[PDB]
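Protein chains in written order, with the authors' numbering: chain J, 1462 to 1626; chain A, 1515 to 1626; chain K, 1515 to 1626; chain I, 146 to 166, 189 to 225.
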Amino acid sequence: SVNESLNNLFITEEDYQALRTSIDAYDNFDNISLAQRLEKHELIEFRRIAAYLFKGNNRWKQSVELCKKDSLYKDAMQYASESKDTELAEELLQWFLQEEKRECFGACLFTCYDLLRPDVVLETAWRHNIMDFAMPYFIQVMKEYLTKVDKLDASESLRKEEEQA
Amino acid sequence: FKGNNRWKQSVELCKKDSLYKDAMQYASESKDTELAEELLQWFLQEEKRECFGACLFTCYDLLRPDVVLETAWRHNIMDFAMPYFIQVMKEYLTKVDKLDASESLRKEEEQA
Amino acid sequence: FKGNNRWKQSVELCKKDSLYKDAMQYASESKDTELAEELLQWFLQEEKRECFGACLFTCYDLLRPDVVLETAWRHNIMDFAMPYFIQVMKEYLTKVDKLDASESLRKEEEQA
Amino acid sequence: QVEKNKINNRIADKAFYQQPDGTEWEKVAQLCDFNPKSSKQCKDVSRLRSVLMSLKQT
């Protein structure tokens, strides 16, 4: 349609913004070709939208990597956050420990604080000698653990008072 | 004042008066909530942390170690605070093991 | 000696002379509590602690980490304890995890 | 046009170049900054407030 032709134009015209609005406005096309055009169009935003529609096409493990190609200043991790899937923070955060850009690593551990075990945390702490934004990890860990122990107390107290009957 | 049940000002004043800790002693025996936090915080505004052991000790019964650690690390204070944490882990670990016992008993009894 | 069923003399002899990991070699078989605490502390008196992570693990079964944290504080010592600290929390990690699990099971089955 | 959007992205990247690869803590706060979104069902921490006093504005 005139719409899809104009989207191809914006691809040539190096326009992603209106191209983004339009590819939201319709689906009468594929995004694999859209991915190929965007990911190599010299704009960090073009490659951003390509990575976006990667997972949109059920195609993961490269979207975050695609943003890691261009959007290095945590803008890769910015959407690695919203990538919604686990099995990323382990290896990606280890790599991000390799290049000591811990400035963004706080956000990395933040986004996926939910799915963490302290084992690897002390591993990387005692390894990279890192307590900043790790002591707060300690604090949140104990806080959620305070919540644990206390709700456990609640539950067991209810159960015992019930069984007293 | 505490006889008049008007706490937290008398002892608050004797803070400025009881340079011989006697506020801290009495703020301790006050037996009242949600204040020893800011009280000991003020106590950190000055450096009499020489005796902060008791300051945490007396009211340890009813604290939340979250902000405790927050500030201590913020103030970089594990020194002369470690024993507190060691006791903290005595306590919580006793908690977890006894509740383990209890729940295990629930599991063994629920056979029917 | 364990052939005679009288311990604490054998591994004590390892403490006498066979200290070169042989002290640990029979600390393993000692297999009983309420000795390894003080024996291991005395072991720490001399700086063979270098491998004290193993020296404690060789009889880890019934160790409570609280005294471990205490003595770690007493020498301000963390090596071959930072590992044991990972042990502590990871066993504790698994523990609280299975606890949360079991608790979920219980509260869901309470409805019926 | 092409050069226009190109240099706009380049100056946005210059802002994105303002980092390594207090100042660091306000920088990570601006970097690690939550917002009242509707997807917080996973962990629901409170330390979101902490940065306001833990390292930033500290």
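In this text, a Cβ means the ideal position worked out from N, Cα and C, and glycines have one as well.
Within chain J, the C-beta atoms nearer than 7 Å to that of K/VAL1610 come from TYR1606, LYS1609, in chain order. Using a Cβ-Cβ cut-off of 8 Å, I/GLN164 counts as an interface residue toward chain J, since at least one Cβ of chain J sits closer than that to its own. In the three-state DSSP reduction, K/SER1616 falls in the helix class (H, G or I).
Among the residues facing chain K, J/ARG1508 is not included, as its CB has no counterpart in that chain under 8 Å away. Under the Cβ distance rule, I/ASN154 counts among the residues neighbouring chain J, one pair being separated by less than 8 Å.
Nearest neighbour of J/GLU1503 by Cα position, chosen from J/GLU1475, J/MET1603, J/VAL1525, turns out to be J/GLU1475. The beta carbon of A/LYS1529 sits closer than 6 Å to the beta carbons of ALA1537 from its chain, once the five residues preceding and following it are set aside; these are given in chain order. Between the C-alpha atoms of I/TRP192 and J/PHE1566 there is a straight-line separation of about 12 Å.
One alpha carbon belongs to K/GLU1617, the other to J/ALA1479, and they sit about 52 Å apart. By the CB criterion at 8 Å, I/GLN164 and J/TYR1534 fall inside the cutoff. Not a single CB atom of chain J sits nearer than 8 Å to the CB of A/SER1618. Judged by pairs of C-beta atoms under 8 Å, the segment 1577-1592 of chain K touches the segment 1589-1608 of chain A, as three or more such pairs exist. Of all residues in the segment 1561-1580 of chain J, those with a C-beta nearer than 7 Å to a C-beta of chain I are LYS1562, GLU1564, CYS1565, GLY1567, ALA1568, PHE1571, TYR1574, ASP1575, reading in chain order.
Taking a cut-off of 8 Å on C-beta distances, the segment 148-155 of chain I does not touch the segment 1600-1612 of chain J, as fewer than three cross pairs fall below it. Under the 8 Å criterion on CB atoms, K/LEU1583 is classed as interfacial with respect to chain A. Sequence-distant partners of K/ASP1531 (beyond 5 residues in either direction) whose C-beta falls short of 8 Å from its own C-beta are missing from its chain. Runs of the alpha helix (DSSP H) lying entirely within the segment 1528-1571 of chain J and spanning at least 4 residues, in chain order: 1536-1543, 1550-1559. Each of J/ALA1615, J/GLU1622, J/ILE1472, J/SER1483 was checked against the Cα of J/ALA1496, and the nearest Cα belongs to J/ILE1472. Inter-residue distance for K/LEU1553 and A/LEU1577 is about 36 Å (C-alpha atoms, whole angstroms).
Sequence-distant Cβ neighbours of I/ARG155 in its own chain, meaning closer than 6 Å and more than five residues away, do not exist here.
DSSP places I/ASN153 inside the alpha helix (DSSP H), whose first and last residues are 147-161. Short of 6 Å from the beta carbon of J/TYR1477, and not among the five residues preceding or following it, lie these beta carbons of its own chain, in chain order: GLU1506, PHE1507, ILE1510. For J/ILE1505, the secondary structure class from DSSP, reduced to helix, strand or coil, is helix. Taking the CA atoms as reference points, K/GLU1561 sits about 22 Å from K/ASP1580. In the three-state reduction of the DSSP assignment, J/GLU1584 falls in the helix class.
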